[PDB]
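Below: one structure, written as structure tokens.
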Amino acid sequence: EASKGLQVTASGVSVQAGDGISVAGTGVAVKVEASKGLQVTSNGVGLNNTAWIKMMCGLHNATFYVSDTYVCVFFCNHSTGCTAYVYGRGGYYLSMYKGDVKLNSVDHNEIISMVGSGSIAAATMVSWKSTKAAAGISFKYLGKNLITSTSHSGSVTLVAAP
Amino acid sequence: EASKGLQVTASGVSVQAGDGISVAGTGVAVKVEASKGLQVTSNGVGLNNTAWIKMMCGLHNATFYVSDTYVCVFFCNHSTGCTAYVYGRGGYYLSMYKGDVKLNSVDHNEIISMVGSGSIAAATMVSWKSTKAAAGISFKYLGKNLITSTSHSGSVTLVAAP
Amino acid sequence: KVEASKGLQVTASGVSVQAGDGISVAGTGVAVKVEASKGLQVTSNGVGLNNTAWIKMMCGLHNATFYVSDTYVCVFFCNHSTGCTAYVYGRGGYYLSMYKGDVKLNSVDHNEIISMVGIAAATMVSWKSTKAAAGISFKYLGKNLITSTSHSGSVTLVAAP
Ligand SMILES: [N+]
């Protein structure tokens, strides 16, 4: 007869799926939970290409984020507003100029930066004294780079942490 | 005949558990290794909520760390002492002032920071010339933020990297 | 003789477990199959992250297509415009020096650096007209805050995982 891991029903003998496992006519497979950073293909189980977002939200204890080709931002609500930790992507960094980082269309307050040559400075922590991060709120920013004078003007919306 | 994936005892045919798999009367499940960043629920396999710690320890090749609601820090022992890489959490950052970062009650020797307006500065690397990181000793710090002038005097105990 | 259903298959060798995505089936039993290049491992203790998964995470963070890593520094390179810009993290207590001749890609000196302030530690480094590619050289000087050690290193670029 059948015992551990197998079961008998009207359909005959089958493999009984437990936690992390799917059983179908396509075989016994690993089941990955959506939004927890893994994928599974015919090559096997692995990290997906956005697992790093969950990691950075954990790092900063952020509850909302944005990510596009040129910047990502991890927002923490505290006191009367929000402070976010910024990482450049694709070669870009985030401008620290007065009008260049808006949350819910509100201009930022204090920024902490890293420093380049001349007047170059890259925003790494950005705060809004009286504006909160929330899902669906707009984030409008200007990114810059060190090769050309091109400014990247992006408008995206906040997403809840995974 | 029962063949690959199955095993036979006097009690019948069962699924044989290989690496990463557990088999019980309740079925075939994924087995995750405790300290390696994954979890398994009825919803499937995923990263757990502290996998980011392993990632950051790997990033800096750190052997000890701390994490609380205000800050996390990753320590590398080298020469006669140690150097730590600092990340703010929850919107906070670490004061870089002379008496504001202690390891085992010893004041730091050197700090590298990111810079804000006026005297605002956030510690990003902190070094002690002759104090070693080890599990069970205290890290004391002053957390601050960009919205209010409130400070948090914190104390958190070092833990071995996972 | 047999009435087999989901998860099982029957061949001339008998009834066996049918392997789907993420599963391997052998005489040693049913095991998890990890995609070895995507940061996971499987041992007798179970499935977990391997010790280079952090590199995949950091390439994702910066959308980098090449990197270097040694025990003193890691760098994540993004090709854009006519050149390359890289994001820099210290390792082992070290940091990347920001002097003019201290950071070369394919033997070419950088054009711009962004840094943290101490002493200064480079966090972003850029080359106007040099591209990142696998196998080319990254030559740098690493420093630390305890001693005056000058680590002159040369390391080779690796394709992002
Ligand atoms: N990470």
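Residue-wise test of (1) outside the structural domain of A:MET96 (by TED's automatic domain parsing); (2) among the β-branched types (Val, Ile, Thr).
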{"position": "A:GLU1", "(1), (2)": "yes, no"}
{"position": "A:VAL15", "(1), (2)": "yes, yes"}
{"position": "A:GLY18", "(1), (2)": "yes, no"}
{"position": "A:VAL30", "(1), (2)": "yes, yes"}
{"position": "A:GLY37", "(1), (2)": "yes, no"}
{"position": "A:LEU59", "(1), (2)": "no, no"}
{"position": "A:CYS76", "(1), (2)": "no, no"}
Checklist entry - Just one of the numbered conditions (1) buried (at least 24 other Cβ atoms within 10 Å of the Cβ); (2) touching a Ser or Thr at 6+ places or on another chain (Cβ under 7 Å); (3) closer than 30 Å to A:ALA34 by Cβ; (4) at the interface with chain B (Cβ under 8 Å from one of its Cβ atoms) is not true of A:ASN77; which one? => result (1)
Checklist entry - If you go through the stretch A:136-155, how many residues are β-branched (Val, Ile, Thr), surrounded by 15 or more Cβ atoms within 10 Å (Cβ to Cβ) and either within 10 Å of another protein chain (Cβ to nearest Cβ) or outside any loop (DSSP other than H, G, I, E, B) (or both)? => result 1
Next on the checklist: Anything in the stretch B:139-162 that is over 17 Å from the mean Cα position of the chain (by Cα) and more than 19 Å from B:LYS98 (Cα to Cα)? List them, or say none.
Outcome noted: B:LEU146, B:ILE147, B:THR148
Checklist entry - Quick one: what pairs do we get from the stretch B:103-130, first residue assigned by TED's automatic domain parsing to the domain that holds B:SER151, second basic (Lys, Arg), C-beta under 6 Å, 6+ apart or different chains? => result B:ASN109/B:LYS129
Checklist entry - Quick check: anything in the stretch A:110-121 within 16 Å of the ligand (Cβ to nearest atom) and among the hydroxyl-bearing types (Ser, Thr, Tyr)? => result no
Checklist outcome for this item: When the stretch A:32-46 is checked residue by residue, the ones that are crowded, with 22+ Cβ neighbours inside 10 Å and either more than 7 Å from every other protein chain (Cβ to nearest Cβ) or of a type outside the set (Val, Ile, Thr) (or both) are A:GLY37, A:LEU38, A:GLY46
Checklist entry - Which of the residues that make up the stretch C:81-130 are under 18 Å from the mean Cα position of the chain (by Cα) and basic (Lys, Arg)? => result C:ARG91
Item to check | Subset of the stretch B:1-26 [surrounded by fewer than 20 Cβ atoms within 10 Å (Cβ to Cβ), part of a strand (DSSP E or B) and facing chain A (nearest Cβ under 7 Å)] | outcome: B:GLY12, B:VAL13, B:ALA24
Checklist entry - Does any residue of the stretch B:43-61 turn out to be under 30 Å from C:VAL75 (Cα atoms) and away from the ligand (no atom under 16 Å from the Cβ)? => result no
Checklist entry - Mind checking which residues of the stretch B:105-135 are among the hydroxyl-bearing types (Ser, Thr, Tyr), farther than 19 Å from B:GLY90 by Cα and in a strand (DSSP E or B)? => result B:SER127
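All of this is worked out from the model, or read from it or from the source named; these are not laboratory values. Positions of Cβ are backbone-derived with ideal geometry, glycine not excepted, and every protein chain shown enters the neighbour counts.
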